[PDB]
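Just so it is clear, the values below take in all heavy atoms, side chains as well, and ignore hydrogens, waters and symmetry mates. Start at 1 and go down the list; that is how both ligands and their atoms are numbered. Every chain is numbered from 1, with letters handed out A, B, ... down the list of sequences.
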Amino acid sequence: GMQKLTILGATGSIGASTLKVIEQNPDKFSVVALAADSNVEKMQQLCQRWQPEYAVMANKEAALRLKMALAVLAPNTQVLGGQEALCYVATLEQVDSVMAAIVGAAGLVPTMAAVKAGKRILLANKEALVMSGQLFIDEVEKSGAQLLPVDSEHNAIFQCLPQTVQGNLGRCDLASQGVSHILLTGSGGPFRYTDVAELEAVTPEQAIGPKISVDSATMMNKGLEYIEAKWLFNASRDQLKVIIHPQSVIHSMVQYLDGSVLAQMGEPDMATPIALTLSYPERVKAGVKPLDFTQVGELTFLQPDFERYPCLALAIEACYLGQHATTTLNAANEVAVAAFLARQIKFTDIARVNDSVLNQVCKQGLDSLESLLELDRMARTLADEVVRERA
Amino acid sequence: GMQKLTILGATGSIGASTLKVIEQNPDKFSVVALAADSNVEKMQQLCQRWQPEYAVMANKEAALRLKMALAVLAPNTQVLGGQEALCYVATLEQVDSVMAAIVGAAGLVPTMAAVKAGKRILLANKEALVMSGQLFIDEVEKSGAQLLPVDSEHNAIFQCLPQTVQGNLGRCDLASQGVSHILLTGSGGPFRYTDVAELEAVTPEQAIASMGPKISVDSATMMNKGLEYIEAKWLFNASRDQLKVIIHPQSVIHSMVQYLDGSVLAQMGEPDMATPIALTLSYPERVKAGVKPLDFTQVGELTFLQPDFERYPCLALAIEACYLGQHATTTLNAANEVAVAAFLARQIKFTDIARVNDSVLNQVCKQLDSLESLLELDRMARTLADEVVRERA
Ligand SMILES: [Cl-]
Ligand SMILES: [Mn+2]
Ligand SMILES: [Mn+2]
C-alpha cells in the first residue's frame, strides 16, 4: 500500500532527510501533512514543492503569514495554527506514520497524540523518553503504536538486534534473546584527548546548534541517548555500556551471548536511519551512497573516562533513578549550558550545576506530562539559582 | 526439544570447538555419533567423555582398534568402520543436525548423504561448494535440508543478512530483501603491504608468517578468499554485482552486508570458531559458547585496504572460475593444491603458484555432473598441474 505521513518538524534537518527519502520513493510514500514552529519561509517553500493537504505552524501568527503565502503558492493546502492543530494532523485517520521531529518540550503533546492514536511513530524527539519514558512506553503498549527510533545510535542498535526484539521495543527481554550488551557509541566530543586539568579553562569557542555542541563536548548528549536506550530496549545498567569511537563510522553495536558482535555503519546521513523507520521491515533507496571503505580511515575505540565526562555519569545514575531524576537533570543542563555560553560559568561548572540541582530534588500518585513539565520548571529555577552563586 | 547431533570430523579443531559449545549447553544438545579418520587415541578419549551411541572411523583398521578400546571404556558405543558408515551416522532418523567437518574430497559423500536425508547441515567442508556447488544447492532444495555455514566469513555474512534470507540460502533473492551487496573480508595475508616486485623471492618461511601450512599459503595469495568467494556465491545466490572483496588487516570484522538504504551491517568477534559454530547449532536462538566478549579497549585500530590483482592474481582466477561453473572451480582448486605443495617443496617460486593455476585452468576450459565425474576431473587437473611444475625449473 501507499504509506501516508505527517511530518512534525519539517523545516529542520530531520524533516529534510525525511523528504529526501520520500522523494526517492514516490510510489511508496506520500505527504499528507507538514508541520513546523515559526519558519514560514522554509515552510512555504516546502509546501510549494509538496502541495500537502495540511500545513501547520505551531505559532498562530506564523500560521497566518503562511496562509497568505500559500493562497498563492499552494492553494489546495489547508493551513492551520497552534498546538491543537499539531495533534490534529498527528491523529488523522488517513495517516499511517508520524515523523515526530519537533524538538523540546513542545513535541511532547503532539507526539503523545500520535502515540494514543496508534500510529507508527518515527521518533526523533529526545524529550519523550528523557522526560517521560515510563509514560510513553505504557501508552505505546495500550494503543498498538509502533515505535521506530530515528536517532542514529538507537537506529543502529535496532538494526543489530534480532527481529523478535525489534517488534517488541519498550518491553523486550534482551537476555532471553541472547543479548549481553548494547554498546552505545559516540565520538567523545572535541575534548576526547584533552587532559582533564585543561577542562576548567575551556571557552565556548573551543566547545563549539550551540547547546547541542556543548552537550557533545560534555557527552551529556550521550547520557541523554543512554536514558532513551534504556526505555527503547528495556535494558539494565549492565546490559547498556558506552564506548567512545572517535570517527563515528560505527553508529552503535550489540554484543551477543555467543561472543558475536553486530555493528551498524554508514555514511553520516540521517536519511539512512530515517529510511528504515519509514520502510521497516523492508528497505528502500535513501539517496545515500554506499560506504566507501577507501575513505573511512582508521577506526579506534576508547573506554569513556568519568573524570573527563562527569555529565555522562550523572545521566547514567539519573537513568536508573527514574523520570524525576532524568527530567531534573535535563532541565538543569539546559540552564547550565546557557550559563556557560553566556560566560557566567566555566566549562567544568556545567556538571557541578547539574549535580547540585540533581541532589536537591532527589531529597523528596501517577506521573503526567504536566507534573513533569512543572518539575522541569522547578529544576530550572533551582539551576538559575546555582549559576548566580558560582560567580 | 533436545537437538541431536552427528559430528563428522570430531578429532580436529572444528570438532573441538563444536564439543566446547555442547559442553556449555548440556540441556539443549546431545551427541548421537562421532566420526573421524584414523586417530584412535583421540577418538577413544572423546568416546569415553561423550559415550555416544555410534563412533565411526573412516579407516577400517582404525575402527577395529577403537572397537576393542571401547568395549570397556564406552560399552554402549557401537563402533563402525568405513565410508558407508559415515553416511549411516549422517543419515540416522534420530539425528537433527550434522556437523560436516571432514575436510577435503573425502567429506563430499557423507556431507551429501546428510543433505539428501534432509538434515540441518552445519557446513564446515570447503569442497562441497568449491567443487560441486550447483549439485549441493539443488540437492538441498530437493530434500528440505538447511545449510548453516560454519566458516567465519560466511557465518558473519549470514548474521548480517535479514531473517527471510537466512532461511532461504541457495535460492535467496538478495535484491528483493534490500541487499545491495555482500562484503567478504580478509586480512590480505603477510604480503598486505609488500611491493609486488618482491613477491618473486618469497620463501615458505615468509608465506607462513594458528592454521595449517597449505591454508597459510592460500592466505598469502588470497586464494583462500577466492575459494570463500565461490562458496558465498552459492550460499547466498549472489550475482556478479552482489559480491565484493575488501581487505581488513586486523580481522576483527569478519564480513559485512551493504543495504539499499546505505546501512552496513558488520559482524565482529574474538577469533574463536565456537562463536560461528554456536549459531549454527542454535539458530535461530543464541547460546553461550564459552567465548569471552570482545574487548574494544584491546581491539586496536581497524583499517581497510583495496586489493589489487597484481598482488593477488589468484583472487582474479577464482572469481573468474566462480562464474564459469563447477568445472572451472574444481579445476582451479585441484591445480592450486598441487602448486602450493610444489611451492612448499621449494620446486617453484611464490609467484609461480598463480601461473600454475592459470596454465591449468586454460587447458581444461578448452573442452550431467556427479561427485565422481568432478572427482575424476580433480585427478585430471592434478596430473596437468604436476606437469606444469616440472616445466617451471
Ligand atoms: Cl523480546
Ligand atoms: Mn549523537
Ligand atoms: Mn575463513
- Task: For A:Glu225 and A:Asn221, test the side chains for any donor-to-acceptor distance below 3.5 angstrom and give the result as yes or no.
- Result: yes
- Between the side chains of A:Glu267 and A:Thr272, does any donor sit under 3.5 Å from an acceptor? no
- Message: Is the ring pair A:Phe347/A:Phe340 parallel, tilted or perpendicular, if the boundaries are 30 and 60 degrees?
- Response: perpendicular
- Query: With a cut-off of 2.8 Å, how many protein N, O or S atoms neighbour the Mn ion (ligand 3)?
  - Reply: 3
- Query: To the nearest 0.5 Å, how far apart are CD in A:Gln146 and CG in A:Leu122?
  - Reply: 9.5 Å
- Item | Nearest-0.5 Å distance, OG of residue A:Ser176 to CD of residue B:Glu285 | 8.0 Å
- Message: Is it true that, when you exclude A:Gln303 itself, more than 12 heavy atoms of the residues, nucleotides or ligands shown sit nearer than 6.0 Å to its CD?
- Response: no
